[PDB]
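Shown next: entry-v7.cif, given as mmCIF, C-alpha atoms.
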```
data_final
loop_
_atom_site.group_PDB
_atom_site.id
_atom_site.type_symbol
_atom_site.label_atom_id
_atom_site.label_comp_id
_atom_site.auth_asym_id
_atom_site.auth_seq_id
_atom_site.Cartn_x
_atom_site.Cartn_y
_atom_site.Cartn_z
ATOM 1 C CA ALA X 1 100.985 82.114 90.493
ATOM 2 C CA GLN X 2 101.507 84.489 93.433
ATOM 3 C CA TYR X 3 99.703 87.478 91.861
ATOM 4 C CA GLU X 4 96.695 86.463 89.699
ATOM 5 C CA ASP X 5 94.113 88.330 87.616
ATOM 6 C CA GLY X 6 90.795 87.985 89.419
ATOM 7 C CA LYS X 7 92.410 87.573 92.814
ATOM 8 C CA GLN X 8 94.505 90.480 94.135
ATOM 9 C CA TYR X 9 93.475 92.635 91.173
ATOM 10 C CA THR X 10 91.277 92.756 88.086
ATOM 11 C CA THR X 11 91.956 94.131 84.617
ATOM 12 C CA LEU X 12 89.864 96.973 83.157
ATOM 13 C CA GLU X 13 87.974 95.839 80.051
ATOM 14 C CA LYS X 14 88.711 99.328 78.737
ATOM 15 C CA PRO X 15 92.204 100.762 79.630
ATOM 16 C CA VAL X 16 92.416 104.497 80.327
ATOM 17 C CA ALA X 17 94.837 106.489 78.159
ATOM 18 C CA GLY X 18 97.172 108.848 79.981
ATOM 19 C CA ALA X 19 95.881 107.851 83.417
ATOM 20 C CA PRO X 20 97.927 108.573 86.559
ATOM 21 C CA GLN X 21 100.391 105.758 87.436
ATOM 22 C CA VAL X 22 98.644 104.989 90.753
ATOM 23 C CA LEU X 23 95.168 106.435 91.225
ATOM 24 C CA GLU X 24 93.180 106.298 94.490
ATOM 25 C CA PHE X 25 89.515 107.334 94.854
ATOM 26 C CA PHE X 26 87.884 108.074 98.184
ATOM 27 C CA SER X 27 85.223 110.105 99.942
ATOM 28 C CA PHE X 28 85.471 111.847 103.305
ATOM 29 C CA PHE X 29 81.931 110.437 103.844
ATOM 30 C CA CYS X 30 83.073 106.872 103.265
ATOM 31 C CA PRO X 31 83.431 104.749 106.439
ATOM 32 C CA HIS X 32 85.626 102.177 104.692
ATOM 33 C CA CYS X 33 87.645 105.143 103.395
ATOM 34 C CA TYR X 34 88.166 106.385 106.983
ATOM 35 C CA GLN X 35 89.487 102.896 107.854
ATOM 36 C CA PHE X 36 91.739 102.824 104.784
ATOM 37 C CA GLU X 37 93.307 106.229 105.489
ATOM 38 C CA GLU X 38 93.161 106.815 109.244
ATOM 39 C CA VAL X 39 93.567 103.273 110.591
ATOM 40 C CA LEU X 40 95.156 101.174 107.822
ATOM 41 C CA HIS X 41 97.190 104.024 106.253
ATOM 42 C CA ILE X 42 96.871 102.329 102.869
ATOM 43 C CA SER X 43 97.992 105.410 100.871
ATOM 44 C CA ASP X 44 101.161 105.848 102.901
ATOM 45 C CA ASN X 45 102.073 102.156 102.845
ATOM 46 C CA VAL X 46 101.578 102.053 99.104
ATOM 47 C CA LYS X 47 103.813 105.132 98.539
ATOM 48 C CA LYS X 48 106.566 103.753 100.759
ATOM 49 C CA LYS X 49 106.943 100.850 98.330
ATOM 50 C CA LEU X 50 106.380 102.479 94.938
ATOM 51 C CA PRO X 51 109.287 102.303 92.489
ATOM 52 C CA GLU X 52 111.337 105.448 92.111
ATOM 53 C CA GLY X 53 109.607 107.977 89.874
ATOM 54 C CA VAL X 54 106.119 106.594 90.407
ATOM 55 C CA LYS X 55 103.780 109.369 91.627
ATOM 56 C CA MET X 56 100.627 108.497 93.593
ATOM 57 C CA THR X 57 97.425 110.464 92.890
ATOM 58 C CA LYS X 58 94.358 110.642 95.104
ATOM 59 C CA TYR X 59 90.928 111.971 93.986
ATOM 60 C CA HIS X 60 87.742 112.677 95.899
ATOM 61 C CA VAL X 61 84.326 111.564 94.624
ATOM 62 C CA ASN X 62 80.928 113.286 94.501
ATOM 63 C CA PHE X 63 78.376 110.509 94.873
ATOM 64 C CA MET X 64 78.341 110.355 98.667
ATOM 65 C CA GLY X 65 76.686 112.952 100.839
ATOM 66 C CA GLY X 66 74.846 115.120 98.355
ATOM 67 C CA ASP X 67 75.648 118.798 98.386
ATOM 68 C CA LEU X 68 78.441 118.461 101.016
ATOM 69 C CA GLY X 69 79.987 115.658 98.965
ATOM 70 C CA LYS X 70 80.529 118.094 96.112
ATOM 71 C CA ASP X 71 81.783 120.755 98.506
ATOM 72 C CA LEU X 72 84.279 118.145 99.753
ATOM 73 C CA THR X 73 85.471 117.286 96.208
ATOM 74 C CA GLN X 74 85.981 120.990 95.606
ATOM 75 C CA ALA X 75 87.848 121.402 98.912
ATOM 76 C CA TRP X 76 90.076 118.443 98.004
ATOM 77 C CA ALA X 77 90.745 120.252 94.736
ATOM 78 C CA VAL X 78 91.800 123.248 96.846
ATOM 79 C CA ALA X 79 93.996 121.004 98.950
ATOM 80 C CA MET X 80 95.675 119.672 95.814
ATOM 81 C CA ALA X 81 96.084 123.166 94.310
ATOM 82 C CA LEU X 82 97.668 124.466 97.499
ATOM 83 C CA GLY X 83 99.577 121.246 98.198
ATOM 84 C CA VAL X 84 98.245 120.927 101.749
ATOM 85 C CA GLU X 85 96.863 117.375 101.507
ATOM 86 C CA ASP X 86 99.000 116.231 104.451
ATOM 87 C CA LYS X 87 97.575 118.967 106.665
ATOM 88 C CA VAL X 88 93.895 118.634 105.983
ATOM 89 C CA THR X 89 93.278 114.924 105.363
ATOM 90 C CA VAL X 90 93.069 113.831 109.029
ATOM 91 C CA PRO X 91 90.934 116.780 110.245
ATOM 92 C CA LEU X 92 88.568 116.462 107.240
ATOM 93 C CA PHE X 93 88.032 112.725 107.954
ATOM 94 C CA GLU X 94 87.543 113.358 111.672
ATOM 95 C CA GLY X 95 85.357 116.406 111.052
ATOM 96 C CA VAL X 96 83.058 114.479 108.740
ATOM 97 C CA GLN X 97 82.983 111.073 110.467
ATOM 98 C CA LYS X 98 84.328 111.282 114.015
ATOM 99 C CA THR X 99 83.078 114.593 115.461
ATOM 100 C CA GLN X 100 80.565 115.320 112.653
ATOM 101 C CA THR X 101 81.236 119.047 113.009
ATOM 102 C CA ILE X 102 81.493 119.355 109.238
ATOM 103 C CA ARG X 103 78.010 120.100 107.964
ATOM 104 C CA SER X 104 78.535 122.908 105.471
ATOM 105 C CA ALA X 105 81.084 124.397 103.086
ATOM 106 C CA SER X 106 81.945 126.896 105.832
ATOM 107 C CA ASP X 107 82.798 124.065 108.231
ATOM 108 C CA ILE X 108 85.114 122.530 105.654
ATOM 109 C CA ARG X 109 86.840 125.881 105.244
ATOM 110 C CA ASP X 110 87.312 126.120 109.048
ATOM 111 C CA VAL X 111 89.495 122.992 108.855
ATOM 112 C CA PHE X 112 91.845 124.779 106.463
ATOM 113 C CA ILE X 113 91.853 128.015 108.521
ATOM 114 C CA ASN X 114 92.755 125.982 111.620
ATOM 115 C CA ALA X 115 95.486 124.163 109.723
ATOM 116 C CA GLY X 116 97.136 127.510 109.000
ATOM 117 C CA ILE X 117 95.846 128.176 105.488
ATOM 118 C CA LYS X 118 95.059 131.908 105.143
ATOM 119 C CA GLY X 119 91.362 132.670 104.503
ATOM 120 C CA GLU X 120 92.160 134.874 101.498
ATOM 121 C CA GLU X 121 94.274 132.041 100.130
ATOM 122 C CA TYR X 122 91.568 129.401 100.574
ATOM 123 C CA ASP X 123 88.847 131.639 99.103
ATOM 124 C CA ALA X 124 90.893 132.594 96.043
ATOM 125 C CA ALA X 125 91.645 128.901 95.422
ATOM 126 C CA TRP X 126 88.038 127.863 96.103
ATOM 127 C CA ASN X 127 86.665 130.302 93.493
ATOM 128 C CA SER X 128 89.485 129.647 90.976
ATOM 129 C CA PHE X 129 89.138 127.959 87.552
ATOM 130 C CA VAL X 130 92.249 126.000 88.312
ATOM 131 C CA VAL X 131 90.166 124.412 91.079
ATOM 132 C CA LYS X 132 87.131 124.002 88.780
ATOM 133 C CA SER X 133 89.311 122.055 86.311
ATOM 134 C CA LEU X 134 90.655 119.917 89.198
ATOM 135 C CA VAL X 135 87.047 119.105 90.155
ATOM 136 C CA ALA X 136 86.448 118.231 86.483
ATOM 137 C CA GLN X 137 89.477 115.902 86.327
ATOM 138 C CA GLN X 138 88.394 114.061 89.452
ATOM 139 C CA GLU X 139 84.929 113.558 87.938
ATOM 140 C CA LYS X 140 86.486 112.559 84.577
ATOM 141 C CA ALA X 141 88.861 110.045 86.143
ATOM 142 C CA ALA X 142 85.897 108.469 87.929
ATOM 143 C CA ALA X 143 84.029 108.200 84.641
ATOM 144 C CA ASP X 144 87.111 106.765 82.912
ATOM 145 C CA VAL X 145 87.469 103.794 85.296
ATOM 146 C CA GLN X 146 83.653 103.399 85.350
ATOM 147 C CA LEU X 147 83.901 103.856 89.099
ATOM 148 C CA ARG X 148 81.202 102.107 91.110
ATOM 149 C CA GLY X 149 82.360 102.451 94.687
ATOM 150 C CA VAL X 150 85.046 103.746 97.055
ATOM 151 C CA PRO X 151 87.739 103.185 98.297
ATOM 152 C CA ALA X 152 89.293 102.023 95.020
ATOM 153 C CA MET X 153 92.753 102.080 93.435
ATOM 154 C CA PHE X 154 93.881 101.744 89.812
ATOM 155 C CA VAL X 155 97.366 101.245 88.407
ATOM 156 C CA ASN X 156 98.475 102.678 85.020
ATOM 157 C CA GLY X 157 94.844 102.944 83.974
ATOM 158 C CA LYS X 158 94.857 99.190 83.421
ATOM 159 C CA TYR X 159 94.461 97.363 86.739
ATOM 160 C CA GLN X 160 92.024 97.710 89.646
ATOM 161 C CA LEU X 161 93.052 96.633 93.145
ATOM 162 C CA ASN X 162 90.881 93.817 94.471
ATOM 163 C CA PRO X 163 91.125 93.915 98.299
ATOM 164 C CA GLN X 164 88.353 91.301 98.446
ATOM 165 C CA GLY X 165 90.867 88.830 96.957
ATOM 166 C CA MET X 166 93.327 89.497 99.814
ATOM 167 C CA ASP X 167 93.434 88.301 103.456
ATOM 168 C CA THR X 168 91.553 90.298 106.104
ATOM 169 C CA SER X 169 92.564 88.459 109.312
ATOM 170 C CA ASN X 170 95.551 90.550 110.136
ATOM 171 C CA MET X 171 95.127 94.196 109.161
ATOM 172 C CA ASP X 172 98.880 94.577 108.781
ATOM 173 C CA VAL X 173 99.121 91.519 106.481
ATOM 174 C CA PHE X 174 96.174 92.929 104.497
ATOM 175 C CA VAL X 175 97.863 96.324 104.205
ATOM 176 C CA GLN X 176 101.148 94.665 103.192
ATOM 177 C CA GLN X 177 99.502 92.553 100.596
ATOM 178 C CA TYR X 178 97.714 95.627 99.207
ATOM 179 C CA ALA X 179 100.922 97.666 99.123
ATOM 180 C CA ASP X 180 102.867 94.708 97.664
ATOM 181 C CA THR X 181 100.210 94.225 94.941
ATOM 182 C CA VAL X 182 100.335 97.879 93.896
ATOM 183 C CA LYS X 183 104.118 97.680 93.563
ATOM 184 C CA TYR X 184 103.862 94.500 91.436
ATOM 185 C CA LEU X 185 101.228 96.116 89.206
ATOM 186 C CA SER X 186 103.364 99.282 88.852
ATOM 187 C CA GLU X 187 106.243 97.197 87.467
ATOM 188 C CA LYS X 188 103.971 95.093 85.238
#
```
Turn the structure described in the file into structure tokens.
Amino acid sequence: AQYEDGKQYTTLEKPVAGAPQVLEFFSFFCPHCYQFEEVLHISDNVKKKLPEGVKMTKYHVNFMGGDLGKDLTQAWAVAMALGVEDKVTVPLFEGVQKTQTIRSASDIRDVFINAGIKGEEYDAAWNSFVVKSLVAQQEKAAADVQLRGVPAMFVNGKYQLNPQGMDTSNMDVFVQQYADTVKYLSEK
């Protein structure tokens, strides 16, 4: 058929109960993740095609970059808690991978300050248990899909996007196929 198990997507041997409808994993340290977000705009192309009432969730992962990796997962938690994902995503990617001016937790924080988040506001979120639990969910979700690598995307805790089973020649066609596959999986 057009969409086939083992081609555009695979099926989790062990489905995750209560998982987000569309779940993306990434790291600000991840070069393929930079491509996905900053050049391909995979997240945004996926959301533009999701059925009505399908929320898209994006989590950060710890296993890249050691101590700063964890700082970045915690900062992403802050971004989620404050709802400023669309203000900090581009400068966090560029700060980690393009300019490499992000070397410490303080440097991460600078990104938020610059984006207009008040220091008091960032610090209170950073030290909050609401943010600790958000870090815990992100780590749990990764465990639940037995996550091996990033970028990755899962639909209804049942299906894992398989970009390797899609075309790479045109970026745009690749991105469309990816977005089109997520929508198919969401309605499945």
> Could you work out how far CA of residue 61 (chain X) lies from CA of residue 142 (chain X), giving the answer in Å with one decimal?
Replying inline: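 Between CA of residue 142 (chain X) and CA of residue 61 (chain X) the gap works out to 7.5 Å.
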> Near residue 155 (chain X), counting all atoms listed in the file, which residues have an atom at most 6 Å away, once you skip same-chain residues fewer than 2 positions from it, shown as a PyMOL selection string?
Replying inline: chain X and resi 21-22+157-159
Export of prior selection with C-alpha atoms as a PDB file, in the coordinates of the input:
```pdb
ATOM      1  CA  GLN X  21     100.391 105.758  87.436  1.00  0.00           C
ATOM      2  CA  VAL X  22      98.644 104.989  90.753  1.00  0.00           C
ATOM      3  CA  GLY X 157      94.844 102.944  83.974  1.00  0.00           C
ATOM      4  CA  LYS X 158      94.857  99.190  83.421  1.00  0.00           C
ATOM      5  CA  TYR X 159      94.461  97.363  86.739  1.00  0.00           C
TER       6      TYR X 159
END
```
Residues near residue 79 (chain X), cut-off 12 Å, all atoms listed in the file, skip fewer than 4 positions along chain, as an mmCIF file with C-alpha atoms, in the frame of the given file:
```cif
data_model
loop_
_atom_site.group_PDB
_atom_site.id
_atom_site.type_symbol
_atom_site.label_atom_id
_atom_site.label_comp_id
_atom_site.auth_asym_id
_atom_site.auth_seq_id
_atom_site.Cartn_x
_atom_site.Cartn_y
_atom_site.Cartn_z
ATOM 1 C CA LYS X 58 94.358 110.642 95.104
ATOM 2 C CA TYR X 59 90.928 111.971 93.986
ATOM 3 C CA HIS X 60 87.742 112.677 95.899
ATOM 4 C CA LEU X 72 84.279 118.145 99.753
ATOM 5 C CA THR X 73 85.471 117.286 96.208
ATOM 6 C CA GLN X 74 85.981 120.990 95.606
ATOM 7 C CA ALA X 75 87.848 121.402 98.912
ATOM 8 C CA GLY X 83 99.577 121.246 98.198
ATOM 9 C CA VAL X 84 98.245 120.927 101.749
ATOM 10 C CA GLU X 85 96.863 117.375 101.507
ATOM 11 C CA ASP X 86 99.000 116.231 104.451
ATOM 12 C CA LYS X 87 97.575 118.967 106.665
ATOM 13 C CA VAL X 88 93.895 118.634 105.983
ATOM 14 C CA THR X 89 93.278 114.924 105.363
ATOM 15 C CA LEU X 92 88.568 116.462 107.240
ATOM 16 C CA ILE X 108 85.114 122.530 105.654
ATOM 17 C CA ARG X 109 86.840 125.881 105.244
ATOM 18 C CA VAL X 111 89.495 122.992 108.855
ATOM 19 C CA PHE X 112 91.845 124.779 106.463
ATOM 20 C CA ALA X 115 95.486 124.163 109.723
ATOM 21 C CA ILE X 117 95.846 128.176 105.488
ATOM 22 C CA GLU X 121 94.274 132.041 100.130
ATOM 23 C CA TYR X 122 91.568 129.401 100.574
ATOM 24 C CA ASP X 123 88.847 131.639 99.103
ATOM 25 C CA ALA X 125 91.645 128.901 95.422
ATOM 26 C CA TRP X 126 88.038 127.863 96.103
ATOM 27 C CA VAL X 130 92.249 126.000 88.312
ATOM 28 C CA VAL X 131 90.166 124.412 91.079
ATOM 29 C CA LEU X 134 90.655 119.917 89.198
ATOM 30 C CA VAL X 135 87.047 119.105 90.155
#
```
> Could you name the residues that touch region 3-13 of chain X at 8 Å or less, counting only C-alpha atoms, but leaving out those on the same chain fewer than 6 positions away, as a PyMOL selection string?
Replying inline: chain X and resi 145+157-166+178+181
> So which residues get picked by the PyMOL selection byres ((chain X and resi 104) around 12) here, written as a list in words?
Replying inline: residues 65, 66, 67, 68, 69, 70, 71, 72, 75, 95, 96, 100, 101, 102, 103, 105, 106, 107, 108, 109, 110 and 111 of chain X
>> So that I can see what lies close to region 26-36 of chain X, please list as a PyMOL selection string the residues with an atom at most 6 Å from it, counting only C-alpha atoms and leaving out residues fewer than 2 positions away in the same chain.
In response: chain X and resi 38-42+60-61+93+150-151
> At a cut-off of 8 Å from (94.3, 107.3, 80.7) in the coordinates of the file, what residues are picked up using all atoms listed in the file, written as a PyMOL selection string?
Replying inline: chain X and resi 15-20+144+156-157
Would you save the residues of that selection, restricted to C-alpha atoms, as a PDB file, in the frame of the given file?
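See again.pdb below for the written result:
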```
ATOM      1  CA  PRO X  15      92.204 100.762  79.630  1.00  0.00           C
ATOM      2  CA  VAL X  16      92.416 104.497  80.327  1.00  0.00           C
ATOM      3  CA  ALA X  17      94.837 106.489  78.159  1.00  0.00           C
ATOM      4  CA  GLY X  18      97.172 108.848  79.981  1.00  0.00           C
ATOM      5  CA  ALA X  19      95.881 107.851  83.417  1.00  0.00           C
ATOM      6  CA  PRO X  20      97.927 108.573  86.559  1.00  0.00           C
ATOM      7  CA  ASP X 144      87.111 106.765  82.912  1.00  0.00           C
ATOM      8  CA  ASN X 156      98.475 102.678  85.020  1.00  0.00           C
ATOM      9  CA  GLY X 157      94.844 102.944  83.974  1.00  0.00           C
TER      10      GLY X 157
END
```
> Any chance you could work out the residue set of the PyMOL selection byres ((chain X and resi 56) around 12) here, as a ChimeraX atom specification?
Replying inline: /X:19-25,42-55,57-59,153-156,182-183,186
> Can you tell me how far CA of residue 127 (chain X) sits from CA of residue 113 (chain X), in Å to one decimal?
Replying inline: 16.1 Å
> Interatomic distance between CA of residue 81 (chain X) and CA of residue 137 (chain X)?
Replying inline: 12.7 Å
Enclosing box along x, y and z for every listed atom of region 185-188 of chain X, padded 6 Å each side, centre and size in Å, one decimal, as JSON:
```
{"center_x": 103.7, "center_y": 97.2, "center_z": 87.2, "size_x": 17.0, "size_y": 16.2, "size_z": 16.0}
```
Rebuild N, CA, C and O atoms on region 42-65 of chain X, as an mmCIF file, in the frame of the given file?
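Saved the output as result.cif:
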```cif
data_model
loop_
_atom_site.group_PDB
_atom_site.id
_atom_site.type_symbol
_atom_site.label_atom_id
_atom_site.label_comp_id
_atom_site.auth_asym_id
_atom_site.auth_seq_id
_atom_site.Cartn_x
_atom_site.Cartn_y
_atom_site.Cartn_z
ATOM 1 N N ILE X 42 96.610 103.009 104.131
ATOM 2 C CA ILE X 42 96.871 102.329 102.869
ATOM 3 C C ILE X 42 97.692 103.213 101.919
ATOM 4 O O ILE X 42 98.708 102.746 101.368
ATOM 5 N N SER X 43 97.267 104.468 101.734
ATOM 6 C CA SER X 43 97.992 105.410 100.871
ATOM 7 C C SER X 43 99.473 105.446 101.214
ATOM 8 O O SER X 43 100.332 105.256 100.350
ATOM 9 N N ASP X 44 99.771 105.663 102.493
ATOM 10 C CA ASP X 44 101.161 105.848 102.901
ATOM 11 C C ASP X 44 101.989 104.568 102.754
ATOM 12 O O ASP X 44 103.183 104.627 102.445
ATOM 13 N N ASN X 45 101.367 103.421 103.001
ATOM 14 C CA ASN X 45 102.073 102.156 102.845
ATOM 15 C C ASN X 45 102.314 101.816 101.384
ATOM 16 O O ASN X 45 103.363 101.268 101.030
ATOM 17 N N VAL X 46 101.353 102.148 100.533
ATOM 18 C CA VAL X 46 101.578 102.053 99.104
ATOM 19 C C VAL X 46 102.738 102.956 98.649
ATOM 20 O O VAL X 46 103.642 102.477 97.955
ATOM 21 N N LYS X 47 102.758 104.231 99.050
ATOM 22 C CA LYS X 47 103.813 105.132 98.539
ATOM 23 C C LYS X 47 105.187 104.737 99.025
ATOM 24 O O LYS X 47 106.159 104.948 98.321
ATOM 25 N N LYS X 48 105.275 104.171 100.220
ATOM 26 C CA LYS X 48 106.566 103.753 100.759
ATOM 27 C C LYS X 48 107.202 102.613 99.959
ATOM 28 O O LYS X 48 108.379 102.299 100.144
ATOM 29 N N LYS X 49 106.418 101.964 99.102
ATOM 30 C CA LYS X 49 106.943 100.850 98.330
ATOM 31 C C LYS X 49 106.959 101.087 96.823
ATOM 32 O O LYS X 49 107.522 100.282 96.080
ATOM 33 N N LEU X 50 106.404 102.206 96.372
ATOM 34 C CA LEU X 50 106.380 102.479 94.938
ATOM 35 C C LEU X 50 107.792 102.611 94.385
ATOM 36 O O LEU X 50 108.687 103.126 95.064
ATOM 37 N N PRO X 51 108.000 102.106 93.160
ATOM 38 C CA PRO X 51 109.287 102.303 92.489
ATOM 39 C C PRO X 51 109.623 103.776 92.440
ATOM 40 O O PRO X 51 108.727 104.626 92.512
ATOM 41 N N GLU X 52 110.903 104.077 92.300
ATOM 42 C CA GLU X 52 111.337 105.448 92.111
ATOM 43 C C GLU X 52 110.744 106.072 90.851
ATOM 44 O O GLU X 52 110.806 105.484 89.765
ATOM 45 N N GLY X 53 110.184 107.269 91.001
ATOM 46 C CA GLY X 53 109.607 107.977 89.874
ATOM 47 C C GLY X 53 108.185 107.547 89.559
ATOM 48 O O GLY X 53 107.684 107.772 88.455
ATOM 49 N N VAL X 54 107.540 106.888 90.519
ATOM 50 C CA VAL X 54 106.119 106.594 90.407
ATOM 51 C C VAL X 54 105.344 107.472 91.395
ATOM 52 O O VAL X 54 105.447 107.301 92.609
ATOM 53 N N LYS X 55 104.633 108.459 90.858
ATOM 54 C CA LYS X 55 103.780 109.369 91.627
ATOM 55 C C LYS X 55 102.414 108.755 91.963
ATOM 56 O O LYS X 55 101.782 108.124 91.109
ATOM 57 N N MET X 56 101.951 108.961 93.189
ATOM 58 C CA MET X 56 100.627 108.497 93.593
ATOM 59 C C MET X 56 99.612 109.646 93.659
ATOM 60 O O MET X 56 99.853 110.666 94.307
ATOM 61 N N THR X 57 98.473 109.450 93.002
ATOM 62 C CA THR X 57 97.425 110.464 92.890
ATOM 63 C C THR X 57 96.160 110.030 93.611
ATOM 64 O O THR X 57 95.736 108.881 93.505
ATOM 65 N N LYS X 58 95.555 110.955 94.348
ATOM 66 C CA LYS X 58 94.358 110.642 95.104
ATOM 67 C C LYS X 58 93.223 111.627 94.778
ATOM 68 O O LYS X 58 93.401 112.835 94.919
ATOM 69 N N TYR X 59 92.076 111.115 94.321
ATOM 70 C CA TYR X 59 90.928 111.971 93.986
ATOM 71 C C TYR X 59 89.730 111.725 94.882
ATOM 72 O O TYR X 59 89.484 110.600 95.310
ATOM 73 N N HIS X 60 88.945 112.778 95.098
ATOM 74 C CA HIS X 60 87.742 112.677 95.899
ATOM 75 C C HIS X 60 86.581 112.407 94.962
ATOM 76 O O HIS X 60 86.695 112.645 93.766
ATOM 77 N N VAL X 61 85.478 111.877 95.478
ATOM 78 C CA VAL X 61 84.326 111.564 94.624
ATOM 79 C C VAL X 61 83.065 112.286 95.108
ATOM 80 O O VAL X 61 82.948 112.634 96.297
ATOM 81 N N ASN X 62 82.130 112.527 94.185
ATOM 82 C CA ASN X 62 80.928 113.286 94.501
ATOM 83 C C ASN X 62 79.768 112.467 95.063
ATOM 84 O O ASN X 62 78.970 112.996 95.844
ATOM 85 N N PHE X 63 79.655 111.194 94.680
ATOM 86 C CA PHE X 63 78.376 110.509 94.873
ATOM 87 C C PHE X 63 77.994 110.183 96.316
ATOM 88 O O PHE X 63 76.915 109.651 96.544
ATOM 89 N N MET X 64 78.812 110.535 97.301
ATOM 90 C CA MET X 64 78.341 110.355 98.667
ATOM 91 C C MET X 64 78.098 111.701 99.318
ATOM 92 O O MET X 64 78.881 112.644 99.155
ATOM 93 N N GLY X 65 76.984 111.790 100.027
ATOM 94 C CA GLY X 65 76.686 112.952 100.839
ATOM 95 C C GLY X 65 76.154 114.187 100.137
ATOM 96 O O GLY X 65 76.260 115.285 100.676
#
```
